[PDB]
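Chains as they are written, first to last, in UniProt numbering: chain L, 2 to 238; chain Z, 2 to 51; chain W, 2 to 63; chain G, 1 to 89; chain C, 2 to 85; chain V, 1 to 85; chain P, 3 to 148.
All C-beta atoms in this analysis are idealised placements derived from N, C-alpha and C, irrespective of residue type, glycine included.
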Amino acid sequence: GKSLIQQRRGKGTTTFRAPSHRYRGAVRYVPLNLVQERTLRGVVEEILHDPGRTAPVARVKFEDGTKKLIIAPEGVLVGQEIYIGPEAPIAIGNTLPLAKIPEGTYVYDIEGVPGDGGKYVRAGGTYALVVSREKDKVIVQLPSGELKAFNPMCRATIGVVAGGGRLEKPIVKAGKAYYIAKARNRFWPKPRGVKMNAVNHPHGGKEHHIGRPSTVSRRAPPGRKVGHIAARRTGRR
Amino acid sequence: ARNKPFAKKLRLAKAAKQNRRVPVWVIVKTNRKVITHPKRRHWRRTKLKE
Amino acid sequence: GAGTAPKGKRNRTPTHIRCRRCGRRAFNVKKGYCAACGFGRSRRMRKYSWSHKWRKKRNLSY
Amino acid sequence: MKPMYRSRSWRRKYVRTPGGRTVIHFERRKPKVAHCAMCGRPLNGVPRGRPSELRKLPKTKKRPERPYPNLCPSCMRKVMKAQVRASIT
Amino acid sequence: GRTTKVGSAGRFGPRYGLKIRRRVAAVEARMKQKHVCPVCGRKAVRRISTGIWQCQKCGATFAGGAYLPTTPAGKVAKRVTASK
Amino acid sequence: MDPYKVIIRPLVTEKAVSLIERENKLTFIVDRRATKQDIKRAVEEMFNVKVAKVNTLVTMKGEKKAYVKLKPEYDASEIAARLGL
Amino acid sequence: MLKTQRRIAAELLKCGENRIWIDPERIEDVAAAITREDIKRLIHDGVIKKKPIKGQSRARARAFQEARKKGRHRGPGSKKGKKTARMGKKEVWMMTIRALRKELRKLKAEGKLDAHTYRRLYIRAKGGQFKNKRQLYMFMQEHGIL
RNA sequence: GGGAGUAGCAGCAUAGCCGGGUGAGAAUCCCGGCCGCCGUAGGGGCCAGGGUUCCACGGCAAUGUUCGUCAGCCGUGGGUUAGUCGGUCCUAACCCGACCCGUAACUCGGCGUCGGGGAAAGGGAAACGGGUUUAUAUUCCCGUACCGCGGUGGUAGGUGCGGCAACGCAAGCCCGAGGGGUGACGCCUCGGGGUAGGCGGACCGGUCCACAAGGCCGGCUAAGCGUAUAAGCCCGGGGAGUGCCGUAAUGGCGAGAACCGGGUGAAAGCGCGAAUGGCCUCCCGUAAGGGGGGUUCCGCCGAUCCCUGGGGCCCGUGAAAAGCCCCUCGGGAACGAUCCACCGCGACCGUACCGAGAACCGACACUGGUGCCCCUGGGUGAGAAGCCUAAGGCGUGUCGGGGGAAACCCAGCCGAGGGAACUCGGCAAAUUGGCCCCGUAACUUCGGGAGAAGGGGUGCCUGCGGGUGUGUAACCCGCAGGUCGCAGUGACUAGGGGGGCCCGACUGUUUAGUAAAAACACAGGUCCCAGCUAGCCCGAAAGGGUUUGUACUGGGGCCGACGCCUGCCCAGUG
Ligand SMILES: [Zn+2]
Ligand SMILES: [Zn+2]
Ligand SMILES: [Zn+2]
C-alpha cells in the first residue's frame, strides 16, 4: 500500500517542517545558578509580535546590560520595571517560586522541574489558579481541569497571558486561512480518506462510506490509527 | 558580457582549432589514402558537451 | 502537453558538467558529486560488477 | 536593459547627450536620515548620503557640536538634568 | 453610515451569511471605537497589532487582548492581586 | 615567469602595423602564465626601452596577446626595423 | 558588398540603412571604397546622401481643435466615455474647495469678514453647499455679510 | 524495384513591377524609382543557452523545399585591449569536512561542537561626453574628472570661536574596547513639487507645392565641482474655549493653539565644464584639402520616470551580515589631520556575434516553447483598444507562370415570400450593441437583484452662455436656430432578453494527450487522544519530525455557507 500524511510528517521535510528562521527567539527565564537570591531588576523596552507564539513578546534590558525576551502579561507598559527572584513583590510581570505565591493568585509560564525554563500556560489568553501550598508540593489548576502537583521551588509568573479573545471573530474566507497556515506551514487544505482510494487509507473505496467501526485500539499498529483512538465514548453528550 | 569561465573557454578554443580539414600535401603524400578525420563538426548539427 | 513544448524549457542551468578527476560530463553541480567516479563523495573510485563502462574503457571482457 | 539594471534598486533617468543620443543613466538610492534612540524622531544637522558622499566631507559638517548628537535636544537636556541632579551627594 | 443593518460587513456583499457578517461587524465596531488610556485618561487608544495597543496622544504602548485592551480574566487578576 | 621566456612571438598584421605607426605600440604573443609586470620587464630587457603601459587579452586560440605602449622618448618603428618588419 | 558601404555610412551619419541614397551611376566608385575615409570623401562629393525624413502633418487636427475650442464637435454623438471619466470626480471637488478657501482668506485679509463669519463659511464650504463662488456671494449678500 | 516524374512545395503576415548593371548564364544577386506589410511589435535593447556562427577577399561539387553570379554553406587571412562595467567581498534558505555516536561493515545514517563554503537581477569604493576600425570600445585616442594604499610640504588643531537656543564652523595623532545610528525592507490608496516626452505661436536657413494662401526638415549640450528651497521635524517669544487654526481626506490645541520671527533639510534648476565639439546649410578647383553663415524666443499639457509626505489593513507582521559615520572611555607620544597643493602604484578572469516565424530546445532554415525579460512618436478615442500613419525594419513567416478553365473542397458576402415547419437538441448563423436623460418587478441573507425590463435622443454649420484659471492660454458642462441624407456609436469599436425546475451556497482546483462536472477544496458544525521524559509519527540503531512549540495548543476522523431541525434501539461487531 501507500503512505499517510501521518507517516510522511515523521521524516522532516520542507512540506512538514516549521519555518523557525522566521520567528523571534526562544523564551526561557534565566539559569538559576545565577539567581540564588539576587532578585534581578529590569526594564521593559519593546513589545512585539511573534509569528510562532500565539502571544506577544516583550524585550527586557537588565542591569547586566543583557537583553531577554519574555512573554508579555496583560497590561504591562513599555517602561515598567519587573523583578525576578524570591523576594520580589507580588505584581504583574514578576517571577517568583510557587511557595512564595498565595492561594488564589493567577499565574502563568510555570516550570516543570526547577531549572527548565517555562513549560505551562504559555499560550495566549490562558491562566492557572493556585489551590494549596504544602511543604512538599503545590497544587495548581490548569486550563484543562487537571489539578497538577509541582515542587514548591518551581518558578511562575503572576497575571494572565495577553492575546485573549482570538477565536471570537470568524475566519470568513479560504485565503485568510491560507495565510494563517502558511505562516506556520500546517497541512492545508485537507483531504478525506472516505473519498481517497484504498491504497491510501484504511477507509477508501468507490463508495464513500466507512465499513468498519471508527473506534480503534491503542494497540493498533501505525498505518491504521485513524478516527477515534481509544474512545471511551462517542456521540453528542 | 557573456560571462564564461576560463577553463571552459580554453576547451572551446581547442575544439575550434580541431575542426578543420586535412591539408593537401598529406593527401599527396599518402596517395589519396587519407582524406578526412573523425572530428569534423558543424555548430548547428552536432553539439559539444560544454 | 508532455512533448514538443515542454522540451523548450532546457535553457536553464544544467544538471551535469565536466569532472576534474575523470573528464566526463557527469558532475552534478547542485550537490557536488560525480555520477561516474564518485568525486566529491568518495576518496576511492565508483566501480561495480554489474557495470561495463570501465571494462569497455580498458578493453576487457565481461 | 541588462538583467541587473532591471532590478528597481537603480533609479533610472533619461538624459540627452550633446551629440543627440538620449541615454539612460543609473544611480543607487540614498539612505534615510538618522533617528533618535529614545523617541524615534529625525535628527537635524546630520546629512544624508552614501559612504562615498560622506567620506568627502569634514567631521564638523557631519554632526552638530552640542553633546550627545545621537539624541534630540529634548532628550539631551533630560540626560544632562539627570546627571546634575544626581551629582549632589 | 448609509446602510441600516450591515456595517463594516457591507464590503462582503451578499456573501457568507448572517451570523458570519454580524459577528464580524460587531467585533470590528467595538475595536475601532476609541478607548480610554490608563496613563492619561484620554480616549485615544488604538490598536497597533494583534495584542498591542497605543495612545496617539501620550505615547503609552501596552499589551492586551486581541480585539479589546482588556479581558474579564485580566480584570479579575488585577482586582485579586490588588487585594493581596 | 622569467625574462627571455615570456615573449614567444611578435605580430605582423595590418592592425598591429597601424598601431605601430600611430600609437607607438608593439604587439606580442606571450606565454599564458605571465602577468603585465613580467611582460614589462621582458620588453625592457630584451629591447632596452622604457615602457608606459601594458594591456592583455587571451584569444580564441589559447594565446595571450599584449599591446605595449612605450614612452615618447623611444620609437616603435626603430625596434620594428631592428626585428624583421 | 554594398551592404558594407551602406552600414558604414548609416552609422556614420547616425541614420538608418534605408534612408540612404547611393548614386546609381557610380556604383563602381562606391565599390572601390573599402575604408571609412573613402566613404567619407564620397559622402562629401555627394554620391552617398542621407535622405530627408518624410514627416507627418497636423494641419487637419489644428483646424479640428480650433473649431472645437470655438464650440463644434462636442455633441452627444461624438462621445465614447462616461461623464465621470471625461471629467473626473475628485478633481472637481479639489479645485472647487481650493477656490473657495482662497476667496474666503482674501476676504478675511481685506477686513470684510470677522473670524466668526469666516469660520462658519469655512465649515459650510466643507459640508459642500456652495459649489461655486457665485453661490457663495449670492448667499453672503442675501444674508447680511457682503 | 513497381507505386511515380506522382503527392506535397496553398490555408495562420496572398507582393511585387519599370529602368540600369554584373556575369558563360539572372522571376528570384546589386543600385534607383513606383507600389505595399509590421507599426505596446515582425522595431530598439540584453540574460541564459549555443560557441566563431562575427569581418573582408575569393568560390559554386554538395546544402538551401525551386534557380542562384547569393548565403548562418565551402576556402584563405584576420578579429574580442578596464584602477572606475561585472566576477572576485557579505550573509540567506541550504551544504560539506573533522571529531563524536551507531552499524557485521562502509563510498551508509545522524545530534552537538568546531572550521569552511553558498547570490554574474539580494547587500555593495570610484567616469562621462566626442572621435577612431573591415570587424573592439564607459576598455584604444583626445578633453574634462573620481576613488583606495603610501608619501613629500604647509596650515586647522594640541595651546580657537560666533549664537539665549535650534544650530554654524578646516576644529589634533597612534592603539584597543564599548554604545548609537545607517545598511534594513509588506499590500492598498491620495496629494504636492519636478523631469523625459509631446503640442502651439513667432523668427532664421533649406525643400514640396500652377501663383497665392500653405505643409515638411534643422535650431544640441554629459559626468564632475560650486550654489537652495519645499514637506517633515525642531528652537525662541506669545499666552486661547458658547472656541478658534487648518486638510484632497483623516485632524490639532494649558501634556501649551493661533500670531510673530528663525534653524535643518530632497529630487531639480542655475553657473563653469563648452565651441576652431555635434547638427543644418551656402561656396573655389573637387584629389589629398580649404572658405563662410546660423545654432533665437515666449506660452500650454504632462507621465506607467524621480523626490517627498499623509492615511488604511493583518488570528497573516513582511531577512541577515559585511561595510560606513558619530560619540564616549582606557592606554601611549608630543606632535600633527577627515583642509589646500603635488607625486607614485593600482594584480588575476569575462569582454566578438544571434539573442529568435533561420543562430537556443524540440532529429529540420519546425506556425510549438524558452523571453514579452526591459522600452515605444501623431490622430480619433475612456484607453498600452481596433483603424490609419512617422521613425526604424522587411518584400526570406524562400517555388513560380497561366487562366470567365469546369465539377468539388477551405475561408467569406448578399438573398424575394414565410419564419424553427429543420434537428436528439434553435448545433451554426443572425439579432442587440457606445454615451446622456426618463423609468425599472417578483423575491431577498436588506448587502442585492439591476446595465432588470421598457422608451427617447445622438451628424455638419452659425451662434449664446457657464466651472477652475490673470488668461479671447488649456481641459470640461448646458441650449436655440439653419440645413443634408434610406441611414448621424454612419467605418472601427460595441450586451440579445425574460419566466419556471434539478444539483452544488459562493471566488477557487481536477483526469499533461477523448471526461471541467452534480466530483475535490472552502468557511463553519461536531466528535476522539494528550499535562510535555505527553499524544501521533520515521528509523536497523543512534538519534530525530510536530518543537526557537505547551490545552485560546498539537494531532486524528466525519458532515460541509445561512435558515428551521436532527426522532427510537447497547441484543450483534467494535
Ligand atoms: Zn568524475
Ligand atoms: Zn527624543
Ligand atoms: Zn495615554
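- Among the residues facing chain Z, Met60 (chain V) is included, as its CB has a counterpart in that chain under 7 Å away.
- The C-beta of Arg47 (chain C) comes no closer than 7 Å to any C-beta of chain L.
- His43 (chain Z) has no beta-bridge partner at all, per DSSP.
- Assignment of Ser145 (chain L) by DSSP, reduced to helix, strand and coil, places it in the coil class.
- The beta-carbon of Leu49 (chain Z) is placed no less than 7 Å from the nearest beta-carbon of chain V.
- By the neighbour-count criterion, in which a residue is buried when 16 or more other Cβ atoms sit within 10 angstroms of its Cβ, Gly126 (chain L) is buried.
- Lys85 (chain C) has a beta carbon lying within less than 7 Å of a beta carbon in chain L.
- A contact is defined here as three or more CB-CB pairs under 8 Å, and the segment 27-46 of chain L meets this definition with respect to the segment 67-87 of chain L.
- Around the beta-carbon of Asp110 (chain L), 16 or more other beta-carbon atoms lie within 10 Å, marking it buried.
- For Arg9 (chain V), the enclosing beta strand (DSSP E) stretches over residues 7-10.
- Any Cβ of chain Z closer than 7 Å to the Cβ of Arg26 (chain W) would place that residue at the interface, and such an atom is present.
- At least 7 Å separates the CB of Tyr84 (chain L) from every CB of chain C.
- Checking the 6 Å criterion, the Cβ of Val173 (chain L) is out of range of every heavy atom belonging to ligand 3.
- Not one heavy atom of ligand 1 falls within 6 Å of the beta-carbon of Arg45 (chain W).
- Neighbourhood of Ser9 (chain C) in chain L, by CB distance below 7 Å: empty, with the nearest CB roughly 11 Å away.
- Under the three-state reduction of DSSP output, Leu57 (chain G) falls in the coil class, being neither helix nor strand.
- Each of G:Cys36, G:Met38, G:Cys39, G:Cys72, G:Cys75 has a C-beta closer than 5 Å to some heavy atom of ligand 2; these make up the full list, in chain order.
- Put simply, the CB of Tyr107 (chain L) is near chain C, with a gap under 7 Å to one of its CB atoms.
- Shown here, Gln58 (chain P) sits in coil according to DSSP, grouped into three states, outside any helix or strand.
- Looking at the DSSP output, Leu97 (chain L) bridges to L:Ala157.
- Within the same chain, and ignoring the five residues on either side of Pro3 (chain V) in sequence, the residues whose Cβ sits closer than 6 Å to its Cβ are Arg41, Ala42, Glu45.
- In the three-state reduction of the DSSP assignment, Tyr124 (chain P) falls in the helix class, which pools H, G and I.
- A distance below 6 Å between beta-carbons, with the five flanking residues on each side excluded, links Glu88 (chain L) to the following residues of its chain, in chain order: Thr40.
- Within chain C, no C-beta atom comes nearer than 8 Å to that of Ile211 (chain L); the closest sits roughly 30 Å away.
- Annotated three-state conformation of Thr82 (chain C) is helix, per DSSP.
- The DSSP-derived three-state label of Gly43 (chain L) is strand.
- Chain-ordered listing is empty here: chain L has no CB closer than 8 Å to the CB of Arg23 (chain C), the nearest sitting near 10 Å.
- Here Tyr34 (chain W) is not near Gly24 (chain W), since their CB atoms are 7 Å or more apart.
- DSSP, read as helix, strand or coil, puts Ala61 (chain C) in coil.
- For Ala61 (chain C), the Cβ falls inside the 6 Å cut-off from some heavy atom of ligand 3.
- Distance from the CA of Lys12 (chain L) to the CA of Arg18 (chain L), rounded to the nearest whole angstrom, comes to 9 Å.
- Counting the other CB atoms within 10 Å of its CB gives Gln19 (chain Z) a total below 16, which places it among the exposed residues.
- A residue is called buried when at least 16 other Cβ atoms come within 10 angstroms of its Cβ; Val131 (chain L) meets this threshold and is buried.
- Straight-line spacing of the CA atoms in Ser18 (chain V) and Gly2 (chain W) works out to 59 Å.
- For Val37 (chain C), the CB contacts under 8 Å within the same chain, skipping 5 residues up- and downstream, are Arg43, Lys44, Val46 in chain order.
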